[PDB]
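Heads up: the structure comes next, in structure tokens.
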Amino acid sequence: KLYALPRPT
Amino acid sequence: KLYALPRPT
Amino acid sequence: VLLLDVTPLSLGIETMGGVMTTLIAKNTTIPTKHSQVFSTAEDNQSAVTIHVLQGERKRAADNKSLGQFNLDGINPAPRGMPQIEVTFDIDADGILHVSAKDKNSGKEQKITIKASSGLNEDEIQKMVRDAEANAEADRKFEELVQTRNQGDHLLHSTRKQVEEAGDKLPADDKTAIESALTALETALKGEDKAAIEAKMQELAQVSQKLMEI
Amino acid sequence: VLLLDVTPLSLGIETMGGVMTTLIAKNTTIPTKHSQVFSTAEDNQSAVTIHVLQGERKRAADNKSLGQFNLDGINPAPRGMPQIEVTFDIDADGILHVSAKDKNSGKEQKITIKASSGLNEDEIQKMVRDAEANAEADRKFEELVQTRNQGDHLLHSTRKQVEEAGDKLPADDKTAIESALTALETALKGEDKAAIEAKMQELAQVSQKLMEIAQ
């Protein structure tokens, strides 16, 4: 449903 | 593998 | 590339027993060309019909007809002998060219089908859905037809062998066989695969001598 | 019609754990546009990377990278709470426009990806077959990633709590915890689900005082 995004780098 | 075809009409 | 032209549904032809046989898979990139050899359903067949279809259904009748044409002048021969090369070619403008050529006689026929032909976007998506929702039944139909075709061919064969042996076949043998033929012919009209095979088996069972002959 | 102009492969972004999440399905007619809300992987994360991918693999690393951008200035919040709306728009020219907007901060960032980007025809065909051949391994990878992510989350929240608690945490405990953390960290690098959950258990067993403190 709700997927999560990584922080940069 | 070898398919066959009907005659017309 | 982030985009491309594809043919949006499978394209093929009707083969023996009313089944669709695909030449170009759905979502194949265009242009494209695909050729495949087919033969004749029965002995001494001098013509075939190429019925061009679009769709995902195993029953040819369930797909969208794009056209048809006959290929005549084939030399009458045993079923399976003629080598009929069927080519589907879609050009860059989405125009579909279908040809059939008999390799022996060199006789050929063809058709051109306009890019705007067949199913529209909403019809395409329904087709895909209907195919998915009917996947099991379409598979059963396919299997049914394979069996009917086998049984069909068993009739013809058996019949040709009974005539071919004439005298050398015991009357009681011939009788058992004639009766098994009838039962099989009857089963073939049905939609029960096991029933047809069972009649094939009963027929095999009483054909042993004829098989020796 | 016998001819449709479509996206030949699925288009999406990378999500937590190295997963491909699709925004536009393969063979979608152009033009087209789709939006989906995402959030942050960790508590108080201030920025996200949007890694645009083309392909059919559930493993992000096995798909084709089309581009990337960051969206920063995400306000402090527990993980999963920010709302990052990602939009993919493919125009009639086949140019892909990707934007992300943070609904809270109102910040947005965009890129434009030219029509000729990604995989060529041969590669597209290979990709579809590849995906088909790996359908089961990819299903298993998805399961793995669920556990991995739970593990990462426990790792992160434990670390935070330890710090928050600093001095009030008995040295006995903080030694056991640092060890368990390390063990868990290692486990995460594997594709054994049980081993991950087991390391999480071992960390939990040594965290009771931390939990009391933190709570």
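First the proteins, then the strands, lettered A, B, ... as listed; each starts at 1.
- Ionic pairing of D:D122 and D:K126 is present here: one or more N-O contacts between side-chain nitrogen and carboxylate oxygen are shorter than 4.0 angstrom.
- Residues D:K160 and D:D43 are not paired through a salt bridge, judged by the lack of any N-O separation under 4.0 Å between the basic side chain and the carboxylate.
- A donor-acceptor distance shorter than 3.5 angstrom exists from the side chain of C:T182 to the backbone of C:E178, with no hydrogens or angles considered.
- None of C:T87, C:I111, C:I90, C:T112 except one satisfies the side-chain contact (heavy atoms from CB on, under 4.5 Å) rule with C:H97; the exception is C:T112.
- Only the backbone of D:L119 comes within less than 4.5 Å of a heavy atom of chain C; no side-chain atom from C-beta onward does.
- Taking a cutoff of 4.0 Å between a charged side-chain nitrogen and a carboxylate oxygen, D:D72 and D:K107 do not qualify as a salt bridge.
- Heavy atoms of D:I113 lying under 4.5 Å from chain C belong to its backbone as well as its side chain.
- Side-chain contact check for C:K26 versus C:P8: every heavy-atom pair is 4.5 Å or farther apart.
- Looking at D:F38 and D:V48, their side chains never come closer than 4.5 Å, going by heavy atoms from C-beta outward.
- Heavy atoms of D:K64 lying under 4.5 Å from chain C are absent altogether.
- Of residues 186-201 of chain C, not one residue has a non-hydrogen atom less than 4.5 Å from any non-hydrogen atom of chain D.
- Between C:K58 and C:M20 the shortest side-chain heavy-atom distance does not fall below 4.5 Å.
- In this structure, D:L11 and D:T22 have side chains that are not in contact, with every pair of non-hydrogen atoms separated by 4.5 Å or more.
- Looking at heavy atoms from C-beta onward, C:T158 lies in side-chain contact with C:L181 at the 4.5 angstrom threshold.
- Closest of all the heavy-atom pairs between D:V86 and D:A100 is CG2-CB, 4.0 Å.
- Interface remark: C:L66 contributes side-chain atoms only to the contact with chain D (heavy atom separation under 4.5 Å).
- For the set D:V6, D:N120, D:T29, D:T7, the entry with the most heavy-atom pairs within less than 4.5 Å of chain C is D:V6.
- Chosen from D:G118, D:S116, D:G94, D:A115, the residue pairing most often with chain C at heavy-atom distances under 4.5 Å is D:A115.
- A salt bridge does not link C:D130 with C:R57: every distance from a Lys NZ or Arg NE/NH1/NH2 to an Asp or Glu carboxylate oxygen is 4.0 Å or more.
- Heavy-atom distances place no part of C:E123 under 4.5 Å from chain D, backbone and side chain included.
- Closest non-hydrogen pair, C:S10 versus C:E56, comes out as N-OE2, 2.6 Å.
- Along residues 139-156 of chain D, no residue comes nearer than 4.5 angstrom to chain C, judged on non-hydrogen atoms.
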